[PDB]
Amino acid sequence: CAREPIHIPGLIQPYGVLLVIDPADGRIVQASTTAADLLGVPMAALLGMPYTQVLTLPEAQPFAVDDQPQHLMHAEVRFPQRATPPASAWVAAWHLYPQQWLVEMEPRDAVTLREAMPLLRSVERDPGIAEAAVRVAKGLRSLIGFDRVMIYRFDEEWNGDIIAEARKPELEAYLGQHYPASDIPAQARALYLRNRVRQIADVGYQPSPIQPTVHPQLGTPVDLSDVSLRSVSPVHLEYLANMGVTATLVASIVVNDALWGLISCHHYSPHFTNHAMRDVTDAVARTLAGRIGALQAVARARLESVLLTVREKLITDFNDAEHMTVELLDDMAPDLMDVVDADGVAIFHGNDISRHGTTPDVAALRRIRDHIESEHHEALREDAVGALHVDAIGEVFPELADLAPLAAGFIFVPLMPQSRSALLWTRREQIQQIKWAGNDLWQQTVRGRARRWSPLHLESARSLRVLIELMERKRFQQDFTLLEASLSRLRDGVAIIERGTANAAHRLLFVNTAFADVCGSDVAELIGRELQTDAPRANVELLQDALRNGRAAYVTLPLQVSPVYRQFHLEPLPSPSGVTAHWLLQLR
Amino acid sequence: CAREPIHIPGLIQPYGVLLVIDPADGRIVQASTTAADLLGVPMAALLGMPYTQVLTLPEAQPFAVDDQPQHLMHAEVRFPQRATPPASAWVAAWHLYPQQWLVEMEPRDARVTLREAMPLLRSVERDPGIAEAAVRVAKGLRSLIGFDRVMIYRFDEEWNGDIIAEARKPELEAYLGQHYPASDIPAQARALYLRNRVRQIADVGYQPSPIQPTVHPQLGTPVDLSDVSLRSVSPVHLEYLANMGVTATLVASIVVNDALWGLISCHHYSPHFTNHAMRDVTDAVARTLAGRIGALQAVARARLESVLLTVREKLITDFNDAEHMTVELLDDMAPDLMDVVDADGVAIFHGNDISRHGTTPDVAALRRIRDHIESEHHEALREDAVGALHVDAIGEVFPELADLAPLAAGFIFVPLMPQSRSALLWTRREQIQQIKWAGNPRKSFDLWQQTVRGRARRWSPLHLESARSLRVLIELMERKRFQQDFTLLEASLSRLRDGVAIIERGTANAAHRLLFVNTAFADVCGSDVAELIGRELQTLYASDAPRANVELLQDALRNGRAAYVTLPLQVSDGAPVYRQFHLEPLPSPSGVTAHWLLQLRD
Ligand SMILES: */C=C/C1=C(C)C(=O)N/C1=C\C1=NC(=C\c2[nH]c(/C=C3\NC(=O)C(C=C)=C3C)c(C)c2CCC(=O)O)/C(CCC(=O)O)=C1C
Ligand SMILES: */C=C/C1=C(C)C(=O)N/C1=C\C1=NC(=C\c2[nH]c(/C=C3\NC(=O)C(C=C)=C3C)c(C)c2CCC(=O)O)/C(CCC(=O)O)=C1C
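Residues numbered from 1 in each chain as written, not as in the entry; some residues may be left out. Chains lettered and ligands numbered in written order. Heavy atoms only, no water.

The helix and strand tally for chain B stands at 19 helices and 24 strands. Taking 2.2 N^0.38 as the reference for a compact globule, 602 residues should give roughly 25 Å; the C-alpha atoms of chain B span a radius of gyration of 40 Å, well beyond that estimate. C-alpha extents for chain B along the principal axes are approximately 130 × 55 × 45 Å. A buried classification covers 54% of the 602 residues belonging to chain B. With an accessible surface of roughly 27,100 Å², chain B has 54% of that area assigned to carbon and sulfur atoms. The average position of the 58 basic charges and that of the 74 acidic charges among the side chains of chain B differ by 3 Å. (Helix = DSSP H or I, 4+ residues; strand = E, 2+ residues; numbered from the N terminus. Rg over C-alpha atoms; globule rule 2.2 N^0.38 Å. Buried < 20%, exposed > 50% of the residue type's maximum accessible area, 1.4 Å probe, protein only. Areas by Shrake-Rupley, 256 points an atom, 1.4 Å probe, with all protein chains shown as cover. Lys, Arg positive; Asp, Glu negative; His and termini not counted. Charge placed at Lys NZ, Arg CZ, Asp CG, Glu CD.)

Laid out in structure tokens, this is it:
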């Protein structure tokens, strides 16, 4: 239903009056039916008439707008065309666009902003959100006389929850009450980011329409997006009626230029909150929004700084010991779980796992790792940022439906199906209990949903992929040396030849003890020397052919002995190009 | 100096009146000398008298406070002791604490004032960047309130303030750009500015009327004015404002993420009183300036962090993609590697090798820095540093590398470890600063203009955590190196004719299993390479094998020594195969046998 315009209804809340003027001539092109009564001229002659003639404004004047449409705040207005029509003092404001303008007027009515000030310095300097959230609810319920004031905090999915609420001693609270995202469509949520503070004076009013529905010259309906005399959606009107309420004032809590929440208000008797008190509620909205976003900042900072202290202790201790013992890992578990605030963690290293804290069993961890690195969930890896994470496992991996009491959520590094070394942090099932609006009262329990993964705790995880490469390097570093030592404790005398790209000749890469001794010259002086160190012309030709063509050769040939003829077994080593790049040489 | 007490001066600015009441009855325990004149009754009988006697407060009343001390805003007050005491409208406010209270009163004055302020507060809430709004305040506030000079004093890291915005008269000279010492506003004062947001000196060099009972007659404690706006400021500051000429101040506090980001300092060279409605309009503009900038600081921060990660991850991917580090691979990495840290130069190292991109010192100079960093005397530096090592001025940290400053005056060196082989060095070249000072109980005026050489653009913490977030590219570089060398050698040992296999030693609950096995070894058993990897060494030999012979084999496995024994193999078909097991203990850093090489020939 979010498909409704609302910004272009063609109807005005009766309480005030609207007049759309052409900026060329200054003549009223469009006017609401409530205008003809206020001003001294019926709809017929009121239309096409120059605005100056019909209404007078002393404080400020409308003007020519280039591109940025400015607005003129609520100022004194008088009706010279009528002989005594001052049912109340009339105050008018302007919406000055480049194509056309819009003037809106409403009564003045009724120790105001100076009386608000204590409450704004009250919140300003104070801790946590709830404390400020209630300081509003309570402080606002006292300043503007409302029967129910509440703070409607939005979440990730756009489902609102009433965190703070100040009602009458009688009545029942909607505190704790969760509501659908659908109760406030995206369409509307936009308007309460433009047109900050909204007011429905009387629910079930008579909507007085803008008589020339479309612009007589432009052929376009009037955009009330910025107009505060806006006729709200009938979908919501019947909804407020079915909730009882006859009046509503909804302030927007815009934190770091985004809709964090609303200060929704309920008056069960009809009530008009004049432009003055309407701007007082905006002061308390922005003031709350203020140190909410500054409190969000303090928390953020404090956490970032202690998360790095942990992170770097891990980095150091990890790079320190060259031998990942079972004891090493248990000195790392209190801290590895903390840098991400997980309840469990499982360190993998090829068919091996090291479980710490509250993590599923050895076999279950393998079932998750198998299912993650899966071909159908290869799109998941593609889309994820630096690592993969779930808030509810039951959705992402339907096969792993269960496993939720231990791993309902997790973070997984590497994003790549690199295998060998991997890491998995896990937050177990955290059963929620959503007190609905009624999808009167209902109480759905959410199973399988773990504590939502913090982005602070998510970039700190990506800021650890260096411990996966640290793990992986240290593995190859040990295996290479194991094999180097191996080939060095051989009797067959072997050496590795790196192919020269015709820019250089075929030099030596690796050489074992048994090879360096048969020449006489030790290991250090043979590394980096050409294989071309008398011999038969036909025989060396066979040797160089395999070096040329990049093939194999076995030829008995004389050495440089202090003649030592030794058989040369040359084996081309596999290459990613297939093109021979290295050659193993054994001699027995 | 920062050790001066203030907050309990025992003196009041003459312009107003103070009265400390005991909350048990309502009796004035302490009173300022300026009270006896305005209240009527002299100091003698005014003391110990129920406040109810001079009470003429209609608007609101004081009350019993539990723990959180609330305040009552400026409301109408009168004096019933005298038939026409002043000819000026008097207004009083309250500071209600749980132990005692405090009532302060001052004139109402003239020049609706808040409704007229609203446009300007709307205009900043919309304004971009910190600066554009900082001037909207300075200019908008200078017009609203008649101050001869309004300025926005932004604190820098050290607590040295800089006047970023300033709205003065057409005459007089600007302090715009003027940097000041942190010492000019001690930490003890900076605290009070965070409690009392709006502050004013009506006349510099006033007669300070003291609170006659200096200490509480019951408590025995001096009055903590703090929250009291009639507070007598420090004489250290009074002589300072006098030496700057000024006769009146009005200093608002810009408190951003409940921390002192700045002040809206004001100067009136003629004496000036700022009323109750006035004082609070400047607070509204200070709650907005603090607000809009704290949220603008957030937007910027977020936008930068998110585009810093886009770069970071492009590097990560492209780096892990190609398995051989070509010079062109490094040529497309340079625009982005320099960006993720916003350095002017970068030098990628890989064992006596360097790849310089942008504005980095010469190949030889980079080696002189790398040598000096990994130095034994500067091993303490690596110990203390966070994830990586960084300098803002090289000339201090490495005095030997005094020069090199026009290219590498600052840098981020990583790995922190003297791991060598692979390393990375980002560098910001010399950025000659020009700090326009106030002067160096001062005589101020003179803008001294110190020039700072060898100091590069200060290293951003956003650019510092995005630097630690690249440490994985040194380990990526390093793994890929060993990954290639190991595999080169694995392929080597695999294309062997002797028939060799590596045995990983077992323990108390683990037997001796096989780590690596070649094709010449896997064929003599028959069973291919893949089945034998992980196979226990005790499987390999037959179950008919000589008791004395296997004992010799297991002895070398036990004691961790060498053995050479001809023994029968586990023959799949049933063909007797007896090869001479050459078992060589492989060198270990402990010396304790960890692995074994098993050659076979007999
Ligand atoms: C089409 C879907 C809708 C459902 C379902 C529903 O309940 N409302 C729907 C649409 C509209 N809601 C609009 C505005 C709106 N809705 C709320 C919701 C609540 N307010 C409350 O006080 C409580 C509980 C105490 C709830 C659940 C509010 C506060 C508002 C803004 C109110 C205002 O205008 O003052 C809306 C927009 C209409 C418009 O403004 O033109 C639509 C279409
Ligand atoms: C003991 C150290 C001090 C030196 C030296 C000095 O010059 N002042 C010292 C002490 C105090 N300063 C206090 C307040 C204060 N200082 C400043 C700084 C400036 N004011 C300016 O106009 C300029 C440049 C034009 C600068 C750099 C300000 C703005 C303030 C606050 C003014 C006020 O609102 O009163 C101070 C605290 C006194 C108090 O309020 O009790 C001390 C001790």
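The structure having been displayed, the exposition proceeds.
Turning our eyes to something else, we now look at the site of ligand 2. Residues and elements named next belong to chain B. The environment of ligand 2 is made up of 25 residues, and the closest members are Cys1, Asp184, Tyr193, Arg231 and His267. In this structure, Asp184 approaches ligand 2 through a main-chain N or O atom, which is 3.0 Å from a nitrogen atom. Contact distances for ligand 2 include 3.5 Å between an oxygen atom and a side-chain N or O atom of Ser265. For ligand 2, whose free accessible area comes to 890 Å², the fraction covered by protein is 95%. Broken down by secondary-structure element, the contributors of at least two residues to the shell around ligand 2 are β7 (149-155), α5 (187-195), β9 (199-201), α6 (235-243) and β12 (260-268). Examining the composition of the shell around ligand 2, we find that three residues originate from one element, α6, more than from any other. Partitioning the shell around ligand 2 into residue classes produces 16 nonpolar, five polar and four charged. (Near = heavy atom within 4 Å. Polar contact = N/O pair within 3.5 Å; in protein donor to acceptor, adjacent residues only side chain to side chain. Nonpolar A, V, L, I, M, F, W, Y, C, P; charged D, E, K, R; others polar.)

The next point concerns the domain arrangement of chain A. Residues and elements named next belong to chain A. Parsing chain A into structural domains produces domain 1 (1-6 + 110-205 + 232-296), domain 2 (7-109 + 206-231), domain 3 (297-477) and domain 4 (478-588). A C-alpha centroid distance of 28 Å is found between domain 1 and domain 2. Listed by partner, the interface residues are 21 residues for domain 1 and 24 residues for domain 2. For the pair domain 1 and domain 2, the two sides together bury roughly 1,900 Å², of which 47% comes from carbon and sulfur. Summed over the shared surface of domain 1 and domain 2, the number is two salt bridges. At the junction of domain 1 with domain 2, the criterion picks out 13 residue pairs in polar contact. (Domains from an automatic or database assignment. Contact = heavy atoms within 4.5 Å. Buried area = accessible area lost by both parts, 1.4 Å probe. Salt bridge = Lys/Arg side-chain N within 4 Å of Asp/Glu carboxyl O.)

Let us now look at the interface of chain B and chain A. Each side of the interface is counted separately: chain B has 67 residues, and chain A has 64 residues. Sorting the residues of chain B by area buried against chain A places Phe482, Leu489 and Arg495 of chain B first, and these three jointly supply 11% of that buried surface. The interface formed by chain B and chain A holds 18 salt bridges in total. Here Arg122 of chain B makes a salt bridge to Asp282 of chain A, at a shortest N to O gap of 3.3 Å.

Our focus in this paragraph is the nonpolar core. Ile151 and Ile263 of chain A together with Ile152 and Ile264 of chain B are the most contacted members of the largest nonpolar core, which has 64 residues in total. With eight residues, the top contributor of residues to this core is helix α7 (residues 276-321) of chain B. The residues contacting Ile152 of chain B, other than those within four sequence positions of it, are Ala134, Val137, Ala138, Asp162, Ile163, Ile164, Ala165, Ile254, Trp261, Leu263, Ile264 and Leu289 of chain B. Counting 60 residues, the second largest nonpolar core, distinct from the first, contains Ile411 of chain A together with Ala343, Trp459 and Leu473 of chain B. (Core = buried A, V, L, I, M, F, W, Y, C linked by side-chain atoms within 4.5 Å.)

For the rest of this paragraph, the subject is the UniProt feature "domain: GAF" in chain B. When the UniProt feature table is mapped onto this chain, "domain: GAF" is found at residues 136-290 of chain B. Secondary structure within residues 136-290 of chain B divides into 27% helix and 24% strand; the distance between the first and last C-alpha atoms comes to 13 Å. (UniProt positions renumbered as here; feature names shortened; annotations may be inferred.)

This brings us to the domain arrangement of chain B. All names here are of chain B. When the domains of chain B are assigned, the result is domain 1 (1-6 + 109-206 + 233-297), domain 2 (7-108 + 207-232), domain 3 (298-483) and domain 4 (484-602). The interface of domain 1 with domain 2 comprises 20 residues on the first partner and 20 residues on the second. Across the domain 1/domain 2 interface, buried area totals approximately 1,700 Å², and carbon plus sulfur atoms make up 49% of it. When the area that domain 1 buries against domain 2 is broken down by residue, the three leading residues are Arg195, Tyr206 and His276, summing to 36%. Put simply, domain 1 and domain 2 have three salt bridges between them.

For the rest of this paragraph, the subject is the site of ligand 1. All names here are of chain A. Near ligand 1, the surroundings consist of 24 residues, among which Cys1, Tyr192, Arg230, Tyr239 and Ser264 are the closest. In the model, an oxygen atom of ligand 1 is placed 3.4 Å from a nitrogen or oxygen of the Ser233 main chain. Interatomic distance of 3.0 Å between a side-chain N/O atom of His236 and a nitrogen atom of ligand 1. When ligand 1 sits alone it has 870 Å² of accessible area, and the protein chains cover 92% of it. Taken together, the elements giving at least two residues each to the shell around ligand 1 come down to α6 (186-194), β9 (198-200), α7 (234-242), β11 (248-254) and β12 (259-266). Considering every element that reaches the shell around ligand 1, the biggest residue donor is α7, with three residues.

Moving on, we come to unusual backbone geometry. In this model, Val413 of chain A is joined to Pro414 of chain A through a cis peptide bond whose omega is 5°. Within the secondary structure, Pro414 of chain A sits in the loop between β16 (409-413) and β17 (421-427). The peptide bond linking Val414 of chain B to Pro415 of chain B adopts the cis configuration, its omega dihedral lying at 5°. Position of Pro415 of chain B among the secondary structure elements: in the loop between β16 (410-414) and β17 (422-428).

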